[PDB]
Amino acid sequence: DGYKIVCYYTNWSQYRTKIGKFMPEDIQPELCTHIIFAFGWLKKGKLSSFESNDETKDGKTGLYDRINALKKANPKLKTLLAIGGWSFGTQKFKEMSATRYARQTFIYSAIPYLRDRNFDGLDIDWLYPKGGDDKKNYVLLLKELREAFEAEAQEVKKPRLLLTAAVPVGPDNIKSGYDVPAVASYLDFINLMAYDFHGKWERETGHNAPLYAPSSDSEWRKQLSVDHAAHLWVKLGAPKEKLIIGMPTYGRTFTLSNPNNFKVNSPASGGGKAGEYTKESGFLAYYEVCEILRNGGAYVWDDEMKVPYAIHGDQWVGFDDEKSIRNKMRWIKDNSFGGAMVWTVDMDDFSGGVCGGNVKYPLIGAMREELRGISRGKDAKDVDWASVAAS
């Protein structure tokens, strides 16, 4: 019971190098209440593996089992397998949801797939259903999934498989694809993707996940905040306690058109340069932002948005730190939402050796501390970037 801490683990984090290298055993069993495995896949209309080393074969334990092995040390921990995401696209979801036969084919493939691999549930990450057909068919998919999960539980006399989904924060995306009252009814809980509010696809700097929109925001764009998105879902009929609010352990980066104009909503020429470990322009892991702040980068706290950004030369990154995360946890409690979701567990300072505070998982550890009252350790102090970094 209490607030949830829902952590996404991404299987491609296994390929990162040096400090970035992450494996299932790097997760502390007591860190999260739920771990979601990103991702499974779809083949011939049925739930399947993303990559062969997810599976256990011949002598060799796969990633699925290494993640689920965490439940031996913490029997209260729940695991789910996610299907979807950006690589997956939309066409495969369209075809799988379009007819009852295709939906049932997926569903009766999904139940044994999960049970045989000791998963406690399924997370749907269709990004995104769009238009009237998708809007109806998505509901039909969740309805028939929940239906079948309910029946299975009673027949096998085991706790029912959980059904969850990751959902968008953009008002237009929400309106086009989501019959919210029906969607919420069939889901156990809802992982609100409260990040990617801004990024290199825009011509000015903007924060990845502002709690509140800056005053320099046009009036369309002030809709783009964590606060506005979460309350929009409530207004549309989602129960507050089913809303698990996403928290990014990453930032979105820009290259400033002029290094002297570095505030939020400043002209940008494109994405920030790629980090060594995540190798993606416009994007940095939290521990990559830490490296910047520990090597000459300047830190700005925006008291309007209640989030920080960092500047180094013409490089600009909007990210979340221990300060903004704790304030967001207070906002979760003040609004009675269901808990925090994290994207991802593998981009926090999981080794505890990069950001300088010598605490493993400073960000997620802070979430657990604020929401579930569990200490990060005796002398675990937040990094005060205001004094540590430049200004």
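In case it trips you up, residue 1 is the first one in the sequence shown, and so on.
S.K.: Out of 73-81 and 116-124, which stretch has the higher average CA B-factor listed in the record?
M.R.: According to the entry, 73-81 carries the higher average C-alpha B-factor.
S.K.: Of 261-269 and 164-172, which one has the bigger average CA B-factor?
M.R.: Higher mean C-alpha B-factor: 261-269.
S.K.: Reading the B-factor column of the entry, which of 252, 143, 203, 242 has the highest value at its C-alpha atom?
M.R.: Across 252, 143, 203, 242, the entry lists the biggest C-alpha B-factor for 203.
S.K.: State the tercile, meaning the lowest, middle or highest third, of residue 8 with respect to the CA B-factors recorded for its chain.
M.R.: For residue 8, the deposited C-alpha B-factor lands in the lowest third.
S.K.: Using only modelled residues of the chain, where does the Cα B factor of residue 213 rank: lowest third, middle third or highest third?
M.R.: Its C-alpha B-factor, which the entry lists for residue 213, ranks in the highest third among residues of this chain.
S.K.: Using only modelled residues of the chain, where does the Cα B factor of residue 246 rank: lowest third, middle third or highest third?
M.R.: Its C-alpha B-factor belongs to the lowest third of this chain's values.
S.K.: Determine, from the deposited record, the chain-internal third of the Cα B-factor for residue 344: lowest, middle or highest.
M.R.: Answer is lowest: the recorded C-alpha B-factor places it there.
S.K.: Sort the modelled residues of this chain by their C-alpha B factor and say whether residue 350 lands in the lowest, middle or highest third.
M.R.: It belongs to the highest third of the chain when residues are ordered by C-alpha B-factor.
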